[PDB]
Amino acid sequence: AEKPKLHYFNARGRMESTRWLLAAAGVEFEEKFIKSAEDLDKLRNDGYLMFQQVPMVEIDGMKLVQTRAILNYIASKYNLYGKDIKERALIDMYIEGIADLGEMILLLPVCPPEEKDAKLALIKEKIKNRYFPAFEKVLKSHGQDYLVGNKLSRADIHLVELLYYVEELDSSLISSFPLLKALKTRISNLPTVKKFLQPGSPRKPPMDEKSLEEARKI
């Protein structure tokens, strides 16, 4: 019946991969933006947040916190977690790599300014030499359109999301990886994702530098 309700800042942050996944699955959701310290305190004092944190998603009568919990639940419900325990293993392995990399990119903006130069270079080296090669190799090994089981799964969605963030960081990093490029294009033209990528969707922009040091106040 009910639309998932997403409690987060009006920003990408740790809720954006859920927006991508729900949108990819064709699921219409509502959002309730935390705009002040008091909004967050009200979620806390109302007992909505198990560990005092957002993201939180109201879905099927649960108040799910922890990004991975929310995502695991959504992906099973909408058949984007593979067909069995072994396909789930490949998906989890792949998406956890994506998450480790995504986490490095997510936190880069709060990086101590004196180590931003070093770290950015490292993230680029890891993208070039560790992550992109690993996914290019998987796609080459089986020659199929999707990462796992020859059908759309959360892994394709989480990877493609990440390809957009890497493109924002440095458009050249994907250039020597043709199969990642083709995957990006295919996934981006699935009706649901195409709609999500179009102006007007719930997809969120990059956090700007002026509007992050303002989201510290909460």
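Under this definition, the rigid core comprises the largest set of C-alpha atoms superposing within 1.5 Å between the forms. Numbering starts at 1 and runs along the sequence shown.
Take 110-118 and 92-100, fit the other structures onto the shown form by the rigid core, and average the C-alpha distances in 5 other deposited structures of this protein: the farther stretch is 110-118. Taking only CA atoms, the mean B-factor in the PDB entry is higher for 26-34 than for the other of 62-70 and 26-34. Between 205-213 and 6-14, the higher mean Cα B-factor belongs to 205-213. Residue-level inspection of the entry shows that, of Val166, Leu43, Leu159, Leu183, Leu43 has the top Cα B-factor.
Set against one another, the Cα B-factors of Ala75, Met93, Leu120, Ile127 in the record reach their highest point at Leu120. Sort the chain's modelled residues by C-alpha temperature factor and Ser153 lands in the lowest third, per the entry. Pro178: CA B factor lies in the middle third for its chain, per the PDB record.
Split the chain's modelled residues into thirds by C-alpha temperature factor. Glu115 is in the highest one. Among the modelled residues of its chain, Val193 has a C-alpha B-factor that falls in the lowest third, as given in the PDB entry. In the PDB entry, a CA B factor belonging to the highest third of its chain's modelled residues is recorded for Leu107.
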